[PDB]
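Structure assessment
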Amino acid sequence: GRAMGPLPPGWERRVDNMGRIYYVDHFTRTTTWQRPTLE
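Residues numbered from 1 in each chain as written, not as in the entry; some residues may be left out. Heavy atoms only, no water.

As recorded in the PDB header, solution NMR is the method behind this entry.

For this entry, the PDB record gives the title as "The sandwich region between two LMP2A PY motif regulates the interaction between AIP4WW2domain and PY motif".

Pairing is antiparallel in the open sheet, where three strands are placed in the order β1-β2-β3. The strands lining the two open edges of the sheet, one partner per strand, are β1 (12–15) and β3 (31–32). Here four bridges tie β1 to strand β2 (residues 21–24), and the two strands are oriented antiparallel to one another. Each residue of the ladder has a partner; that of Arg 13, found in β2, is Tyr 23. (Pairing = 2+ DSSP bridges. Helix = DSSP H or I, 4+ residues; strand = E, 2+ residues; numbered from the N terminus.)

Turning our attention to the pairing of β2. A regular strand places its side chains so that they alternate between the two faces of the sheet. If you look at the hairpin formed by β1 and β2, you'll find five residues sitting between the two strands, and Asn 17 has a positive phi there, around 65°. Summarising the sheet, β2 and β3 pair through two bridges and their orientation is antiparallel. From the neighbouring strand, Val 24 faces β3, where its bridge partner is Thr 31.

What follows is about the packing of aromatic side chains. Within the structure shown, the criterion is met by two aromatic pairs. Plain terms: the ring middles of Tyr 22 and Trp 33 are 5.8 Å apart, the flat faces sit at 90° to each other, and that makes the pair edge-to-face. You can see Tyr 22 sitting in strand β2 and its partner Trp 33 sitting in the segment after β3, a full 11 residues away along the chain. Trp 33 gets classed as partly exposed once you look at its relative accessible area, which sits at 42%. (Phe/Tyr/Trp six-rings, centres within 6.5 Å; stacked < 30°, edge-to-face > 60°. Buried < 20%, exposed > 50% of the residue type's maximum accessible area, 1.4 Å probe, protein only.)

Shown next, in the form of structure tokens:
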């Protein structure tokens, strides 16, 4: 409950302890929030 609808047991995007917020998955365990740089 923040602004939009909840998120089923898959799309997990929240704050890590007390830093930044990332979109971590539950079925893959991997996360998405960071972007590439070394191009």
